[PDB]
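Dropping entry_20.cif in here (mmCIF, N, CA and C atoms and all ligand atoms):
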data_protein
#
loop_
_atom_site.group_PDB
_atom_site.id
_atom_site.type_symbol
_atom_site.label_atom_id
_atom_site.label_comp_id
_atom_site.auth_asym_id
_atom_site.auth_seq_id
_atom_site.Cartn_x
_atom_site.Cartn_y
_atom_site.Cartn_z
ATOM 1 N N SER A 284 -6.919 -4.775 10.878
ATOM 2 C CA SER A 284 -5.711 -3.984 11.078
ATOM 3 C C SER A 284 -5.101 -3.565 9.743
ATOM 4 N N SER A 285 -4.227 -2.567 9.782
ATOM 5 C CA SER A 285 -3.547 -2.108 8.581
ATOM 6 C C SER A 285 -2.062 -1.946 8.865
ATOM 7 N N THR A 286 -1.230 -2.521 8.007
ATOM 8 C CA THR A 286 0.211 -2.392 8.171
ATOM 9 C C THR A 286 0.832 -1.709 6.965
ATOM 10 N N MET A 287 1.647 -0.696 7.231
ATOM 11 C CA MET A 287 2.292 0.042 6.162
ATOM 12 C C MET A 287 3.729 -0.414 6.016
ATOM 13 N N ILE A 288 4.120 -0.660 4.775
ATOM 14 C CA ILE A 288 5.474 -1.094 4.473
ATOM 15 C C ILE A 288 6.062 -0.115 3.478
ATOM 16 N N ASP A 289 7.324 0.240 3.681
ATOM 17 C CA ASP A 289 8.055 1.080 2.742
ATOM 18 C C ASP A 289 8.531 0.167 1.611
ATOM 19 N N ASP A 290 7.846 0.212 0.473
ATOM 20 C CA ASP A 290 8.158 -0.694 -0.631
ATOM 21 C C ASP A 290 9.585 -0.523 -1.150
ATOM 22 N N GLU A 291 10.055 0.716 -1.209
ATOM 23 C CA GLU A 291 11.403 0.959 -1.712
ATOM 24 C C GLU A 291 12.477 0.414 -0.783
ATOM 25 N N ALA A 292 12.290 0.590 0.521
ATOM 26 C CA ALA A 292 13.249 0.052 1.472
ATOM 27 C C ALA A 292 13.234 -1.475 1.458
ATOM 28 N N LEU A 293 12.043 -2.056 1.357
ATOM 29 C CA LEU A 293 11.905 -3.501 1.280
ATOM 30 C C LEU A 293 12.670 -4.056 0.075
ATOM 31 N N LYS A 294 12.495 -3.420 -1.079
ATOM 32 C CA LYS A 294 13.167 -3.863 -2.296
ATOM 33 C C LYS A 294 14.679 -3.759 -2.153
ATOM 34 N N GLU A 295 15.141 -2.647 -1.582
ATOM 35 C CA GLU A 295 16.570 -2.422 -1.404
ATOM 36 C C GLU A 295 17.177 -3.477 -0.479
ATOM 37 N N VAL A 296 16.510 -3.785 0.633
ATOM 38 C CA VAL A 296 17.023 -4.842 1.501
ATOM 39 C C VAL A 296 17.106 -6.177 0.761
ATOM 40 N N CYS A 297 16.049 -6.528 0.042
ATOM 41 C CA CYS A 297 16.041 -7.806 -0.665
ATOM 42 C C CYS A 297 17.157 -7.912 -1.696
ATOM 43 N N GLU A 298 17.404 -6.826 -2.424
ATOM 44 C CA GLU A 298 18.478 -6.825 -3.415
ATOM 45 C C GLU A 298 19.846 -6.906 -2.749
ATOM 46 N N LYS A 299 20.048 -6.123 -1.697
ATOM 47 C CA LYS A 299 21.382 -6.023 -1.109
ATOM 48 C C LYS A 299 21.738 -7.229 -0.254
ATOM 49 N N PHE A 300 20.729 -7.823 0.376
ATOM 50 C CA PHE A 300 20.940 -8.978 1.247
ATOM 51 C C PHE A 300 20.672 -10.315 0.561
ATOM 52 N N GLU A 301 20.256 -10.259 -0.705
ATOM 53 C CA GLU A 301 19.947 -11.460 -1.484
ATOM 54 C C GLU A 301 18.997 -12.371 -0.715
ATOM 55 N N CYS A 302 17.860 -11.805 -0.329
ATOM 56 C CA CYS A 302 16.876 -12.523 0.462
ATOM 57 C C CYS A 302 15.485 -12.304 -0.109
ATOM 58 N N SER A 303 14.537 -13.118 0.340
ATOM 59 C CA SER A 303 13.166 -12.996 -0.118
ATOM 60 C C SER A 303 12.448 -11.887 0.630
ATOM 61 N N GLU A 304 11.411 -11.352 -0.006
ATOM 62 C CA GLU A 304 10.587 -10.350 0.630
ATOM 63 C C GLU A 304 9.986 -10.865 1.941
ATOM 64 N N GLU A 305 9.539 -12.119 1.941
ATOM 65 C CA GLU A 305 8.902 -12.673 3.132
ATOM 66 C C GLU A 305 9.873 -12.762 4.314
ATOM 67 N N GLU A 306 11.163 -12.931 4.040
ATOM 68 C CA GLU A 306 12.124 -12.986 5.135
ATOM 69 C C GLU A 306 12.146 -11.650 5.854
ATOM 70 N N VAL A 307 12.090 -10.559 5.099
ATOM 71 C CA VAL A 307 12.099 -9.235 5.709
ATOM 72 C C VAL A 307 10.782 -8.989 6.425
ATOM 73 N N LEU A 308 9.675 -9.270 5.747
ATOM 74 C CA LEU A 308 8.356 -9.056 6.323
ATOM 75 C C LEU A 308 8.163 -9.859 7.604
ATOM 76 N N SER A 309 8.734 -11.057 7.651
ATOM 77 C CA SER A 309 8.601 -11.897 8.841
ATOM 78 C C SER A 309 9.294 -11.284 10.046
ATOM 79 N N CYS A 310 10.492 -10.742 9.866
ATOM 80 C CA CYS A 310 11.157 -10.196 11.038
ATOM 81 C C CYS A 310 10.527 -8.878 11.477
ATOM 82 N N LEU A 311 9.939 -8.144 10.543
ATOM 83 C CA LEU A 311 9.203 -6.946 10.905
ATOM 84 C C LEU A 311 7.939 -7.321 11.671
ATOM 85 N N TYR A 312 7.185 -8.287 11.148
ATOM 86 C CA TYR A 312 5.971 -8.743 11.818
ATOM 87 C C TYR A 312 6.266 -9.257 13.239
ATOM 88 N N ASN A 313 7.331 -10.042 13.367
ATOM 89 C CA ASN A 313 7.692 -10.617 14.662
ATOM 90 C C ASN A 313 8.403 -9.629 15.588
ATOM 91 N N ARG A 314 8.582 -8.397 15.111
ATOM 92 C CA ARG A 314 9.271 -7.358 15.867
ATOM 93 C C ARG A 314 10.645 -7.827 16.324
ATOM 94 N N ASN A 315 11.330 -8.561 15.450
ATOM 95 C CA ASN A 315 12.679 -9.029 15.752
ATOM 96 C C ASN A 315 13.698 -7.988 15.336
ATOM 97 N N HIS A 316 13.807 -6.954 16.156
ATOM 98 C CA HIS A 316 14.628 -5.790 15.855
ATOM 99 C C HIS A 316 16.077 -6.160 15.605
ATOM 100 N N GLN A 317 16.549 -7.209 16.269
ATOM 101 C CA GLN A 317 17.962 -7.572 16.187
ATOM 102 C C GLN A 317 18.345 -8.242 14.865
ATOM 103 N N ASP A 318 17.358 -8.684 14.086
ATOM 104 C CA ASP A 318 17.649 -9.299 12.799
ATOM 105 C C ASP A 318 18.235 -8.222 11.897
ATOM 106 N N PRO A 319 19.406 -8.491 11.292
ATOM 107 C CA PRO A 319 20.016 -7.471 10.431
ATOM 108 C C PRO A 319 19.104 -6.998 9.296
ATOM 109 N N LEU A 320 18.170 -7.826 8.849
ATOM 110 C CA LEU A 320 17.244 -7.396 7.807
ATOM 111 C C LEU A 320 16.343 -6.277 8.319
ATOM 112 N N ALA A 321 15.919 -6.378 9.577
ATOM 113 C CA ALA A 321 15.092 -5.328 10.179
ATOM 114 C C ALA A 321 15.916 -4.064 10.405
ATOM 115 N N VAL A 322 17.135 -4.231 10.907
ATOM 116 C CA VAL A 322 17.994 -3.079 11.136
ATOM 117 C C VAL A 322 18.201 -2.341 9.824
ATOM 118 N N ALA A 323 18.480 -3.086 8.756
ATOM 119 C CA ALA A 323 18.727 -2.462 7.461
ATOM 120 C C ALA A 323 17.500 -1.737 6.915
ATOM 121 N N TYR A 324 16.331 -2.355 7.051
ATOM 122 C CA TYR A 324 15.089 -1.754 6.589
ATOM 123 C C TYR A 324 14.889 -0.385 7.237
ATOM 124 N N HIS A 325 15.025 -0.327 8.554
ATOM 125 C CA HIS A 325 14.818 0.933 9.257
ATOM 126 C C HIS A 325 15.943 1.920 8.990
ATOM 127 N N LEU A 326 17.154 1.415 8.761
ATOM 128 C CA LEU A 326 18.290 2.293 8.483
ATOM 129 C C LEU A 326 18.074 3.024 7.170
ATOM 130 N N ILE A 327 17.575 2.307 6.172
ATOM 131 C CA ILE A 327 17.327 2.902 4.863
ATOM 132 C C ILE A 327 16.297 4.013 4.984
ATOM 133 N N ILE A 328 15.226 3.746 5.722
ATOM 134 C CA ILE A 328 14.177 4.740 5.919
ATOM 135 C C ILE A 328 14.712 5.933 6.713
ATOM 136 N N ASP A 329 15.438 5.654 7.792
ATOM 137 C CA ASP A 329 15.943 6.724 8.652
ATOM 138 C C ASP A 329 16.949 7.602 7.924
ATOM 139 N N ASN A 330 17.815 6.984 7.128
ATOM 140 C CA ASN A 330 18.805 7.761 6.397
ATOM 141 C C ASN A 330 18.174 8.624 5.318
ATOM 142 N N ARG A 331 17.108 8.137 4.702
ATOM 143 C CA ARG A 331 16.394 8.909 3.701
ATOM 144 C C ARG A 331 15.852 10.166 4.367
ATOM 145 N N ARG A 332 15.285 9.989 5.555
ATOM 146 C CA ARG A 332 14.739 11.085 6.346
ATOM 147 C C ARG A 332 15.829 12.095 6.719
ATOM 148 N N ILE A 333 16.944 11.583 7.230
ATOM 149 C CA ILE A 333 18.051 12.448 7.630
ATOM 150 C C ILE A 333 18.608 13.222 6.439
ATOM 151 N N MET A 334 18.820 12.544 5.313
ATOM 152 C CA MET A 334 19.332 13.231 4.127
ATOM 153 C C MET A 334 18.399 14.327 3.645
ATOM 154 N N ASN A 335 17.097 14.065 3.667
ATOM 155 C CA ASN A 335 16.124 15.097 3.326
ATOM 156 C C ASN A 335 16.211 16.308 4.258
ATOM 157 N N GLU A 336 16.441 16.053 5.541
ATOM 158 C CA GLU A 336 16.600 17.146 6.494
ATOM 159 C C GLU A 336 17.889 17.932 6.251
ATOM 160 N N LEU A 337 18.988 17.220 6.026
ATOM 161 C CA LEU A 337 20.267 17.878 5.741
ATOM 162 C C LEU A 337 20.232 18.709 4.454
ATOM 163 N N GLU A 338 19.616 18.175 3.403
ATOM 164 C CA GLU A 338 19.518 18.926 2.146
ATOM 165 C C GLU A 338 18.730 20.213 2.358
ATOM 166 N N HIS A 339 17.632 20.118 3.098
ATOM 167 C CA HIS A 339 16.837 21.300 3.424
ATOM 168 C C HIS A 339 17.665 22.334 4.191
ATOM 169 N N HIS A 340 18.415 21.882 5.188
ATOM 170 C CA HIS A 340 19.229 22.816 5.960
ATOM 171 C C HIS A 340 20.322 23.447 5.124
ATOM 172 N N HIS A 341 20.896 22.670 4.215
ATOM 173 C CA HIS A 341 21.948 23.200 3.350
ATOM 174 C C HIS A 341 21.423 24.325 2.463
ATOM 175 N N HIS A 342 20.243 24.110 1.888
ATOM 176 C CA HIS A 342 19.681 25.081 0.950
ATOM 177 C C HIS A 342 19.008 26.277 1.599
ATOM 178 N N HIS A 343 18.521 26.111 2.820
ATOM 179 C CA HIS A 343 17.665 27.145 3.396
ATOM 180 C C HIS A 343 18.127 27.712 4.732
ATOM 181 N N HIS A 344 19.188 27.139 5.286
ATOM 182 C CA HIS A 344 19.734 27.622 6.553
ATOM 183 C C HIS A 344 21.254 27.724 6.488
HETATM 184 MG MG MG A 401 25.735 26.170 4.568
#

Step by step, read the file and then write its structure as structure tokens.
Ligand SMILES: [Mg+2]
Amino acid sequence: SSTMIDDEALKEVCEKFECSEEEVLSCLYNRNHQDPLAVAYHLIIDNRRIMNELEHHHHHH
């Protein structure tokens, strides 16, 4: 199997939550969506996506 991790989001969660990388990876692996570390990881990725979409719309629409 192959698992993809967003390294930048992982680093940001670890810095902001003062936690180990394995703590984040564990809740992702266990699909424990309710763990705030998982929520934060996906929030960082989702917001990056949304901001990229908004910037595009601002400049081109
Ligand atoms: Mg405008």

Discussion item. For a test of reading the model, state the distance in Å between atom CA of residue 313 of chain A and atom CA of residue 286 of chain A, rounded to one decimal.
Written reply: 12.9 Å

Worksheet item: Distance atom CA of residue 293 of chain A-atom CA of residue 341 of chain A, one decimal place?
Response: 28.6 Å

Give one line per residue of chain A that approaches ligand MG 401 (chain A) to at most 12 Å, naming the two atoms of the closest pair and their distance in Å to one decimal, counting only C-alpha atoms and all ligand atoms; sort by chain then ascending residue number and deliver it as a Markdown table.
| residue | atom | partner | partner_atom | distance |
| --- | --- | --- | --- | --- |
| A:337 | CA | A:MG401 | MG | 10.0 |
| A:338 | CA | A:MG401 | MG | 9.8 |
| A:339 | CA | A:MG401 | MG | 10.2 |
| A:340 | CA | A:MG401 | MG | 7.5 |
| A:341 | CA | A:MG401 | MG | 5.0 |
| A:342 | CA | A:MG401 | MG | 7.1 |
| A:343 | CA | A:MG401 | MG | 8.2 |
| A:344 | CA | A:MG401 | MG | 6.5 |

Discussion item. As a ChimeraX atom specification, please: every residue in chain A that DSSP puts in helix (DSSP H, G or I).
Written reply: /A:290-300,304-312,319-343

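Counting from atom N of residue 335 of chain A, the distance to atom CA of residue 298 of chain A is 22.1 Å.
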
Item to complete: Tell me which residues the PyMOL selection byres (((chain A and resi 314-326 and name CA) around 9) and not hetatm and name CA) grabs here, as number ranges by chain.
Response: A: 289, 292-293, 295-297, 300, 302, 306-313, 327-331

Completion of segment 293-306 of chain A up to N, CA, C and O atoms, as an mmCIF file, in the frame of the given file:
data_model
loop_
_atom_site.group_PDB
_atom_site.id
_atom_site.type_symbol
_atom_site.label_atom_id
_atom_site.label_comp_id
_atom_site.auth_asym_id
_atom_site.auth_seq_id
_atom_site.Cartn_x
_atom_site.Cartn_y
_atom_site.Cartn_z
ATOM 1 N N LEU A 293 12.043 -2.056 1.357
ATOM 2 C CA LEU A 293 11.905 -3.501 1.280
ATOM 3 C C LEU A 293 12.670 -4.056 0.075
ATOM 4 O O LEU A 293 13.419 -5.036 0.195
ATOM 5 N N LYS A 294 12.495 -3.420 -1.079
ATOM 6 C CA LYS A 294 13.167 -3.863 -2.296
ATOM 7 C C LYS A 294 14.679 -3.759 -2.153
ATOM 8 O O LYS A 294 15.408 -4.676 -2.542
ATOM 9 N N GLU A 295 15.141 -2.647 -1.582
ATOM 10 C CA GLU A 295 16.570 -2.422 -1.404
ATOM 11 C C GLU A 295 17.177 -3.477 -0.479
ATOM 12 O O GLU A 295 18.245 -4.017 -0.774
ATOM 13 N N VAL A 296 16.510 -3.785 0.633
ATOM 14 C CA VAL A 296 17.023 -4.842 1.501
ATOM 15 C C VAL A 296 17.106 -6.177 0.761
ATOM 16 O O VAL A 296 18.111 -6.883 0.826
ATOM 17 N N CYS A 297 16.049 -6.528 0.042
ATOM 18 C CA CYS A 297 16.041 -7.806 -0.665
ATOM 19 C C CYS A 297 17.157 -7.912 -1.696
ATOM 20 O O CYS A 297 17.791 -8.956 -1.829
ATOM 21 N N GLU A 298 17.404 -6.826 -2.424
ATOM 22 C CA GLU A 298 18.478 -6.825 -3.415
ATOM 23 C C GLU A 298 19.846 -6.906 -2.749
ATOM 24 O O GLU A 298 20.707 -7.677 -3.175
ATOM 25 N N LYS A 299 20.048 -6.123 -1.697
ATOM 26 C CA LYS A 299 21.382 -6.023 -1.109
ATOM 27 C C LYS A 299 21.738 -7.229 -0.254
ATOM 28 O O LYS A 299 22.908 -7.622 -0.179
ATOM 29 N N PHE A 300 20.729 -7.823 0.376
ATOM 30 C CA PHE A 300 20.940 -8.978 1.247
ATOM 31 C C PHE A 300 20.672 -10.315 0.561
ATOM 32 O O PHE A 300 20.866 -11.370 1.164
ATOM 33 N N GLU A 301 20.256 -10.259 -0.705
ATOM 34 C CA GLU A 301 19.947 -11.460 -1.484
ATOM 35 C C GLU A 301 18.997 -12.371 -0.715
ATOM 36 O O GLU A 301 19.285 -13.554 -0.480
ATOM 37 N N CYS A 302 17.860 -11.805 -0.329
ATOM 38 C CA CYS A 302 16.876 -12.523 0.462
ATOM 39 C C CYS A 302 15.485 -12.304 -0.109
ATOM 40 O O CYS A 302 15.282 -11.440 -0.972
ATOM 41 N N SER A 303 14.537 -13.118 0.340
ATOM 42 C CA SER A 303 13.166 -12.996 -0.118
ATOM 43 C C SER A 303 12.448 -11.887 0.630
ATOM 44 O O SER A 303 12.792 -11.544 1.775
ATOM 45 N N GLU A 304 11.411 -11.352 -0.006
ATOM 46 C CA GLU A 304 10.587 -10.350 0.630
ATOM 47 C C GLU A 304 9.986 -10.865 1.941
ATOM 48 O O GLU A 304 9.941 -10.147 2.934
ATOM 49 N N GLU A 305 9.539 -12.119 1.941
ATOM 50 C CA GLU A 305 8.902 -12.673 3.132
ATOM 51 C C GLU A 305 9.873 -12.762 4.314
ATOM 52 O O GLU A 305 9.463 -12.662 5.473
ATOM 53 N N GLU A 306 11.163 -12.931 4.040
ATOM 54 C CA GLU A 306 12.124 -12.986 5.135
ATOM 55 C C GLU A 306 12.146 -11.650 5.854
ATOM 56 O O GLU A 306 12.217 -11.609 7.079
#
